[PDB]
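A.B. asks: experimental coordinates for this protein are included below, preceded by the sequence.
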Amino acid sequence: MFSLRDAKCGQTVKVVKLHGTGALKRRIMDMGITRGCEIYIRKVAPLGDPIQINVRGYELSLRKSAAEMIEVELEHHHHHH
């Protein structure tokens, strides 16, 4: 299981799946965190929570509770001309 909380502050992830009892997913998606959107992990607190991320142009703090349930991918692509 690779969650959003498994990402480091300074890395770029993208949301693929959203786990939870449905209602949790709705809350996540309602805030803007959506399947397909890219998330630049800005700041992760040493406590694990909260996690500051910039999504859709909004920089906010997401609770580790959700971050630990969100399914993302650490997209590592290379740069080129």
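C.D. replies: It's in. Numbers count the residues shown, from 1 in each chain.
A.B. asks: where do the helices sit along this structure?
C.D. replies: 23-31, 64-67 (DSSP state H).
A.B. asks: quick one: closest of those to residue 53.
C.D. replies: In terms of Cβ to Cβ, the element of the helices of the chain nearest to residue 53 is helix 64-67, at 8.3 Å. Yep, even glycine has a C-beta here, placed from its N, CA and C like the rest.
A.B. asks: follow-up on the earlier one: which of the helices of the chain is buried the deepest?
C.D. replies: Among these, helix 64-67 has the highest mean neighbour count (mean count of other Cβ atoms under 10 Å), at a mean of 20.
A.B. asks: hmm, who's touching that helix?
C.D. replies: Helix 64-67 is contacted by residues 3-5, 20, 24, 27-28, 33, 48-51 when judged by Cβ atoms under 8 Å, 6 or more residues apart in numbering.
A.B. asks: got the CA positions of it in PDB?
C.D. replies: Provided in PDB are the C-alpha atoms of helix 64-67 (Å, rounded to 0.1, in the frame of the first residue of the first chain):
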ATOM      1  CA  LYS A  64      -2.900  12.200   7.700                       C
ATOM      2  CA  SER A  65      -6.000  10.200   8.300                       C
ATOM      3  CA  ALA A  66      -7.100  10.900   4.700                       C
ATOM      4  CA  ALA A  67      -3.500  10.900   3.400                       C
END
